[PDB]
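Asks: Chains as they are written, first to last, in UniProt numbering: chain A, 4 to 253; chain B, 4 to 253; chain C, 4 to 253; chain D, 4 to 253; chain E, 4 to 253; chain F, 4 to 253. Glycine is no exception: its CB is placed at the ideal position from the N, C-alpha and C atoms.
Number of protein chains: 6
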Amino acid sequence: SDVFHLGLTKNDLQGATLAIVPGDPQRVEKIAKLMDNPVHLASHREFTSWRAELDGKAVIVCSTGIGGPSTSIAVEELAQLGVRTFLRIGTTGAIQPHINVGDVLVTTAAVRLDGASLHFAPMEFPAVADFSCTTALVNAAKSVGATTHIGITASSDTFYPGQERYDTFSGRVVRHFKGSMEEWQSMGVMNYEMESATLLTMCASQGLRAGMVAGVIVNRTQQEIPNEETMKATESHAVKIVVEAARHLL
Amino acid sequence: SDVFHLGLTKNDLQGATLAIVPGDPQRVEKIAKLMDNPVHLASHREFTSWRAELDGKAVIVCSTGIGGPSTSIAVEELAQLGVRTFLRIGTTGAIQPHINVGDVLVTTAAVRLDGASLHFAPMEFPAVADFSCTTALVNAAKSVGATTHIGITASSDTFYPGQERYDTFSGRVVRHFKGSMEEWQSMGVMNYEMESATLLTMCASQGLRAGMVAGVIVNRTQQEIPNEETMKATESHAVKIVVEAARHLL
Amino acid sequence: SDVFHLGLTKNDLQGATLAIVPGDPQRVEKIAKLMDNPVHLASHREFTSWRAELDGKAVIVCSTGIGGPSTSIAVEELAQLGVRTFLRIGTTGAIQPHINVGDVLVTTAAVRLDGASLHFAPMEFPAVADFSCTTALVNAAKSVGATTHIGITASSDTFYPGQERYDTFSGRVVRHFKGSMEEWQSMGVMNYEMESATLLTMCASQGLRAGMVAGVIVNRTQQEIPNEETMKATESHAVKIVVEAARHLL
Amino acid sequence: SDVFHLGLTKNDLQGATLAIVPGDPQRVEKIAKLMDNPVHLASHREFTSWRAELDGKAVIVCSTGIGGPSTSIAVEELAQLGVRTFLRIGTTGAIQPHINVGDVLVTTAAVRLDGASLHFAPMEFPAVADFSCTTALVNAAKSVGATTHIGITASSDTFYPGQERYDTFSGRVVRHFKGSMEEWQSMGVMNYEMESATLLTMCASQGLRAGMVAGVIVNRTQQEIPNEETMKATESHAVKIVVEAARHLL
Amino acid sequence: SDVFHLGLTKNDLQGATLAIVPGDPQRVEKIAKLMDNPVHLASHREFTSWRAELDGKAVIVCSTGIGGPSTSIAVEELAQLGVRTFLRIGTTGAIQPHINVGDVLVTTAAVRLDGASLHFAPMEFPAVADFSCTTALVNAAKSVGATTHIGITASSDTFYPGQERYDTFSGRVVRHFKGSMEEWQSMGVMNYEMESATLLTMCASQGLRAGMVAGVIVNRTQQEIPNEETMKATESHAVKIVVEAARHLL
Amino acid sequence: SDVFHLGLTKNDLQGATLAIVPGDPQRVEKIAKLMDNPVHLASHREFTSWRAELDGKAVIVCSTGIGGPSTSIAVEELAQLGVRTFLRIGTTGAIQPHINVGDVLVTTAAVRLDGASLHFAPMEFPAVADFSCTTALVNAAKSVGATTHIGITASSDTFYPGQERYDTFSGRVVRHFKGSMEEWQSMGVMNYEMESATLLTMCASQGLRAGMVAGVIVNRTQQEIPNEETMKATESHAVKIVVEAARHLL
């Protein structure tokens, strides 16, 4: 296999420069159902990939799995495999009370709560999204009529403690990580996720544009229970936003 | 005076939710002059404000002085005085060979090396521009025909040792700052200035719209000293870009 | 599903206070097969669990994926699901010349370079194996005749830049990570893997028994590429060691 | 211009080795009204300077503007311009309740709350005042009969958050900076200011003596409202102390 | 003198590879009363040493005095003097309420609260005990029937503030060090001491095995007053454990 | 004994608000002998105190041992026992070529590289001498005709790796400490010792008067080994300076 994990060839990607980057393998095909001539390329470990075309040009939907490393490896290898533009799709909880379930997040830049981005840049270097990738997403979001928040999201190297989740075994979060929910909250930070800051940092540094969009399917800060359609209905909207935003990056 | 430093009051600002924030007192005046009904308001130390109109809307021009310390205050007191949108204008030089003299740079994000940025959010947190202002300033650079680069700018808390200048006659630069020139340069950063990472960070974590724009008066690797008929044109070029952008943010 | 990620419930685990935690979904199945009555339970993304018996006692095998982020979750949800004892099995390569191919490594402690370990305890705190599990795994390596080294393993939060790989096609590695290969090598560390410092640390500070074991598929300084009849034996060798150890921890 | 900012010549300073370093331009002339043959040298941005003579030798009063960078640049350039001894005059609030409005502070050393000093020394290196400069100030203070506190002052890279000022927009101070008022308070730290630690650090390192004195015109910790004469009356005392202390450094 | 402090010769140690390492000089002889042909070697400052034999081989009991530096120097010099295996004996308070006065602690690894270990390894490198040294102590502990806790202990560079002791002058502990008792407490950290992490780190790195055992003579967290026999009676048990554990390292 | 370590009570100190604090037990005795009515009080480990009179006023001499750990305790318990003024006396060597053998050094401030200083105040905070004690010790050095340098002394938490000694037979020194010899030397630091930054820092942040003084027994760059009739005179020289100073602090 030409790469390490992905196991893909320059024409196995069909020279595709742009990628769409969900974390989960069953969303890969999903996003790929929106674009023509799709093919599951490969699943090696969490590296399930598909390939379809957009406005006539070959594009790659590829799962990052969870976190900076499998996103790194993916992105690295995707970059090894010729990927210029990366677009991250997903769902999130809002840590900000002005924000609702069903809305759409466009992240301008991220908090580096990983160790993974610290690998591609000296930590002062911000985890930040390319302008043109961010512009597409906005332009794509408004056009399906989204409630669209543009802001910073927090990218954690751990689901629970880095996101200050007390519903785990410990009920404990390290001193360094305690109070950080409000710290990001009042700072205006829209949400939490694990992957971006790596993706953003490594794209920022390397001459590869990145951007990220998400539907808000839950609220870390809010009361009402969302209908079962929470994931599925909001995910359509944002998957469609990420594809259209992609169709405008070509 | 409703603030500790500037010397302004509220009726002074005359509405004016948007301020232009050049570094030096000297550049301040000229900026407002390009606008409508400029009036000198307050000159105190590094802090010099002017009031002027744009499409019937009051604008403030106010000097922020040298580096993040004096930067951080003016921003604070302008906002403290009711200004929600900040636009830094300036001139700089280009640590990336593709970036010319007479070049404009809009910054989405700043490398945070200045310690005055730290007083707001940790190095985990990105020093980020407001998407709406960045869009306004890019669409401005694009409206004036400017040759623009959009990316990261590095920010230091000292002209000399934080910008990695051994130009200082001590010629020292303590270890943490050593290597960053061709480091950031390989790493995508456009240029170096001491203010942005204090402001963008400050506005991002204060809930304010910030964006930045700069004329490149020198491309510093390339040994051509720019036209003896000077860098004064590239400042007069950038000062339109901020006024044009602002016009669209009103 | 009683946990956010895996897809497991309690009756699923069938008792089973002890889980085996390989990285990849693929190695998972085989492991449980060496045991009694294996049953595929849940395959979701990087998280794949199997249930199997040992001396009439239910064991879980569950994949943790790539690096500390995905690692940290599975561990969390397995424990969240009632598993107190964790045993990571894997294969690696040897940064110390005395360490061969076909070699086993039991880790007492991990160098914490991964940032996903940080979300639990500060770099002041050691990422430590459970003495009872380390004893079980050593007595196992000694029971299967394995040629073993016991010591520190280095852990990174990225395959490439945290493991000091300029193998990446960016080829970069920000300053904080530069030099560590022959650094750790002189400093006694056995090998490099991205998971242990997230788990051991996680279990040490969560009140859980953790230990780790690895087959060395490559000794990386010594330029001999290991037998073309492959590293598959050294994985089949180590997978006994974890099953043998576990047997003694029941 | 011979320097960068200051725009001064070796005899434009008249070879003056010693400087007096207020932050504000209108105090420059003030301090210069106490010494013979004064001349405003130059105001470029915040770099207003005067030159007079003391006991027969030419001396420089020069404004640092706000913060380490404009103090750096000044001091740097002053050092570039041949300045050995620096003496900082100013006013301050006490963060210590045993201290009164009207009293005089002599700072032995500073807390580095800037990023600016981190430019001239590796942070372990203390921000500390020369002994002989400090001795003059004491000796000068006692001789006008001052209530003279000798101690550490905190030097911040931001007026408000670094000094834990909640009376701003945010009402918020970063986690890292919260509780620090009392942290310095009970430690015995006399007061806050922005400039020194840079000045102290860069003088400590470079074979240039520094010292600092201040009148206390307000109390961050105390009740009673000071008369309008607070600034002016206390400023005389300390301006006179800084000149006399200077007259004893020759 | 052949070394620096210790002042010992290769046969003055009689080529002894193993050492026993109490902090206090009057425990040196004590531990040496359990092994044949003892001789006080030297007391230079806190470096009181004795030499006896164990199962026929010459061994060294040597005081480290207090802290990493005098332990370093000792250990360094002991290593300079040919010491491979180090075994630390002592007493401790439990910071964990599940633990009693009279019990025995075996430390697997330490928290680095010193600056001393940061000298022998880059802080990511854990302060960790050799397996075989730890195995002896367990095996030795059980055999006198000890109540034996195996776990992490916190190694501080200061008795009082690093251990969060409020019964001192200040009653104050630095922000960085406040709340750390519970931080280590709930993490499961068994106890506090000053010396180990240095000893552990420097042995971990250098091809020298280390381990540590202690009797619990007091509880930082508990009520009842222990009898006068607290030190003496519990110290016998653990001194005997450390000697027997030593007799099994040969 | 009113303190955990020393073995002293209050009537022991006989008043005596001022203690002299040499490192080693051996130098202790001689010091007090130069004073009036010396009496051996307590010898416990590194802690040895003596009581003696000066101009009818009781003084304490007490050993602090090796480095900041043992340092920090004695200081604590002496003060805990009622001593507000501390004077460290010692001998060292000179990292600056202008500094001789037979030279005295009074320290205003210490570079904080020792981690035992950190337990009091952050690296933001300077490790500062008490002006009144520094004055007393300078006026003392000047009273005995001593050739003195006044400036910064570097302080490490280990004799070898924190003082950048590869003299150690491991010969290692982890990256953070590498380069500091000619670093501090260019940067103005006078010498290197492991205690001051623990004490000065400790007294500064505890509200105590601290100052330090040292004889230079070796100028270490200059390859002249000092007089074979030894460094014993330069210690006998410095021991007057502390006793003379103290005399003026009573």
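Using a Cβ cut-off of 9 Å, pull out every chain A residue sitting near residue 27(C), in sequence order please.
Replies: On the third sequence, position 24 is the one that residue 27(C) refers to. What residue 27(C) touches in chain A: 47, 48, 49.
Asks: Please classify residue 80(E): is it buried, with 16 or more other beta-carbons within 10 angstroms of its beta-carbon, or exposed?
Replies: Mapped onto the fifth sequence, residue 80(E) falls at position 77. Buried, by the Cβ-count rule.
Asks: For the alpha helix (DSSP H) holding residue 8(A), just list the boundary residues, first then last.
Replies: For this step, residue 8(A) is matched to residue 5 along the first sequence. First-last for residue 8(A): undefined, no H or E at that position.
Asks: Please decide whether residue 254(D) counts as near chain F, where near means a Cβ-Cβ distance under 9 Å.
Replies: Any property of residue 254(D) remains undetermined from this structure, which presents chain D solely from 4 to 253.
Asks: Put residue 33(D) into one of helix, strand or coil per three-state DSSP.
Replies: Within the fourth sequence, residue 33(D) is the residue found at index 30, counting from 1. Helix, per DSSP.
Asks: Which bits of chain E does residue 178(A) rub up against, with CB to CB less than 8 Å?
Replies: Counting from one through the first sequence, the residue named residue 178(A) turns up at place 175. Neighbours of residue 178(A) on chain E, chain order: 182, 183, 186.
Asks: Taking residue 199(B) and residue 110(B) to be in contact with their CB atoms under 8 Å, please state how far apart those CB atoms are, rounded to whole angstroms.
Replies: One-based indexing of the second sequence puts residue 199(B) at position 196. One-based indexing of the second sequence puts residue 110(B) at position 107. Rounded, the Cβ-Cβ distance is 6 Å, consistent with contact.
Asks: From the DSSP output, read off the bridge partner residues of residue 195(D).
Replies: Within the fourth sequence, numbered from 1, the residue matching residue 195(D) stands at position 192. BP columns for residue 195(D) point to 157(D).
Asks: Does the Cβ-Cβ distance between residue 120(E) and residue 203(E) come in under 9 Å?
Replies: Within the fifth sequence, the letter at position 117 stands for residue 120(E). Within the fifth sequence, the letter at position 200 stands for residue 203(E). Going by C-beta atoms, residue 120(E) is nearer than 9 Å to residue 203(E).
Asks: I'd like to know if the segment 184 to 199 of chain F and the segment 94 to 114 of chain F are in contact, where contact means that at least 3 CB-CB pairs between them fall below 8 Å.
Replies: Yes, the segment 184 to 199 of chain F touches the segment 94 to 114 of chain F.
Asks: With respect to the alpha helix (DSSP H) encompassing residue 128(B), which residues constitute its N-terminal and C-terminal limits?
Replies: Numbered from 1 along the second sequence, position 125 holds the residue referred to as residue 128(B). Where residue 128(B) is concerned, there is no enclosing alpha helix (DSSP H), given that its DSSP letter is neither H nor E.
Asks: From residue 214(E) to residue 52(E), what does the alpha carbon distance come to, in whole angstroms?
Replies: Along the fifth sequence, one-based indexing puts residue 214(E) at 211. Along the fifth sequence, one-based indexing puts residue 52(E) at 49. Using only the alpha carbons, I get a separation of about 19 Å.
Asks: Helix, strand or coil for residue 203(F) per DSSP?
Replies: Position 200 of the sixth sequence holds residue 203(F). If DSSP states are grouped into helix, strand and coil, residue 203(F) belongs with the helices.
Asks: In terms of alpha-carbon separation, which member of 25(B), 205(B), 159(B) lies closest to residue 184(B)?
Replies: Here residue 184(B) refers to the residue found at position 181 when the second sequence is read from its first residue. Looking at the Cα atoms, 159(B) is the closest of the given residues.
Asks: Kindly indicate which three-state DSSP category residue 41(F) falls into: helix, strand or coil?
Replies: Locating residue 41(F) in the sixth sequence gives position 38, counting from the first residue. It is a strand residue.
Asks: Which complete alpha helix (DSSP H) runs does the segment 68 to 101 of chain D hold, if anything under 4 residues is left out?
Replies: The segment 68 to 101 of chain D contains these whole alpha helix (DSSP H) runs: 70 to 83.
Asks: Where do the N-terminal and C-terminal ends of the alpha helix (DSSP H) with residue 184(D) fall, by residue?
Replies: As a working note, residue 184(D) is residue 181 in the fourth sequence. Where residue 184(D) is concerned, the enclosing alpha helix (DSSP H) stretches over 183 to 190.
Asks: Is the separation between the beta-carbon of residue 44(D) and that of residue 16(D) shorter than 9 Å?
Replies: In the fourth sequence, residue 44(D) corresponds to position 41, counting from 1. In the fourth sequence, residue 16(D) corresponds to position 13, counting from 1. For residue 44(D) and residue 16(D), yes; Cβs fall inside 9 Å.
Asks: In or out: residue 71(F) buried (at least 16 other Cβ within 10 Å) or exposed?
Replies: As a first step, residue 71(F) must be located in the sixth sequence, where it is residue number 68. Counting Cβ neighbours within 10 Å, residue 71(F) comes out buried, since at least 16 surround it.
Asks: List, in order along the chain, the chain B residues whose C-beta lies closer than 7 Å to that of residue 164(D)?
Replies: Mapped onto the fourth sequence, residue 164(D) falls at position 161. Within chain B, the residues near residue 164(D) are 122, 123.
Asks: Report buried or exposed for residue 153(D), applying the criterion of at least 16 other Cβ atoms within 10 angstroms of its Cβ.
Replies: Locating residue 153(D) in the fourth sequence gives position 150, where the first residue counts as 1. Label assigned to residue 153(D): buried.
Asks: Which residues, in chain order, does the segment 191 to 225 of chain B contribute to contact with chain A at a C-beta distance below 8 Å?
Replies: From the segment 191 to 225 of chain B, only 191, 192, 207, 208, 210 have a Cβ closer than 8 Å to chain A.
Asks: For residue 187(D), which of 156(D), 134(D), 173(D), 212(D) has the nearest alpha-carbon?
Replies: Numbered from 1 along the fourth sequence, position 184 holds the residue referred to as residue 187(D). Among 156(D), 134(D), 173(D), 212(D), the Cα nearest to that of residue 187(D) is on 156(D).
Asks: For the segment 231 to 249 of chain B and the segment 58 to 67 of chain C, state whether three or more C-beta atom pairs, one from each stretch, are separated by less than 8 Å.
Replies: Flag = no, the segment 231 to 249 of chain B and the segment 58 to 67 of chain C do not touch.
Asks: Whose C-beta lies closer than 6 Å to the C-beta of residue 141(B) among residues of the same chain, with five residues either side of it excluded?
Replies: Working through the second sequence from its first residue, we reach residue 141(B) at position 138. These residues qualify, in order along the chain: 109.
Asks: Excluding the 5 residues preceding and the 5 following residue 161(B) in the sequence, name in chain order all residues of the same chain whose CB lies nearer than 6 Å to its CB.
Replies: Residue numbering aside, residue 161(B) sits at position 158 when the second sequence is read from its first letter. Answer for residue 161(B): no residue qualifies.
Asks: Show which residues of chain C have a CB atom less than 7 Å away from the CB atom of residue 79(A).
Replies: Within the first sequence, numbered from 1, the residue matching residue 79(A) stands at position 76. The contacting residues are 163, 171.
Asks: According to a CB-to-CB cut-off of less than 7 Å, which residues of the segment 146 to 162 of chain B neighbour chain A?
Replies: Listed in sequence order: 153, 155.
Asks: For residue 222(E), does the three-state DSSP call read helix, strand or coil?
Replies: Here the question's residue 222(E) lines up with position 219 in the fifth sequence. Strand at residue 222(E).
Asks: Can you list, in chain order, the residues of its chain with a C-beta nearer than 6 Å to that of residue 149(D)? Leave out the 5 residues immediately preceding and following it.
Replies: Stepping through the fourth sequence from its first residue, residue 149(D) is reached at position 146. Once the five neighbours on either side are set aside, the close Cβ partners of residue 149(D) are 107.
Asks: Within 10 angstroms of the Cβ of residue 222(F), are there 16 or more other Cβ atoms? Answer buried if so, exposed if not.
Replies: Position 219 of the sixth sequence, counted from the first residue, corresponds to residue 222(F). Buried: at least 16 other Cβ atoms inside 10 Å.
Asks: Since residue 67(B) contacts residue 77(B) with CB under 8 Å, what's their CB separation in whole angstroms?
Replies: Stepping through the second sequence from its first residue, residue 67(B) is reached at position 64. Stepping through the second sequence from its first residue, residue 77(B) is reached at position 74. The Cβ separation is near 4 Å, so the contact holds.
Asks: Are the beta-carbon atoms of residue 48(C) and residue 69(A) separated by less than 9 Å?
Replies: To locate residue 48(C), count along the third sequence from 1; it is residue 45. To locate residue 69(A), count along the first sequence from 1; it is residue 66. Yes; because the gap between Cβ atoms is below 9 Å, this pair is in contact.
Asks: Just to confirm, is the Cβ distance from residue 25(D) to residue 46(D) under 9 Å?
Replies: Your numbering for residue 25(D) matches position 22 in the fourth sequence. Your numbering for residue 46(D) matches position 43 in the fourth sequence. No. Outside cutoff.
Asks: Please classify residue 42(F): is it buried, with 16 or more other beta-carbons within 10 angstroms of its beta-carbon, or exposed?
Replies: As a position in the sixth sequence, residue 42(F) is number 39, starting the count at 1. By the 10 Å Cβ count, residue 42(F) comes out exposed.
Asks: In three-state DSSP terms, what is residue 252(C)?
Replies: Taking the third sequence and counting its residues from 1, one reaches residue 252(C) at position 249. It is helical.
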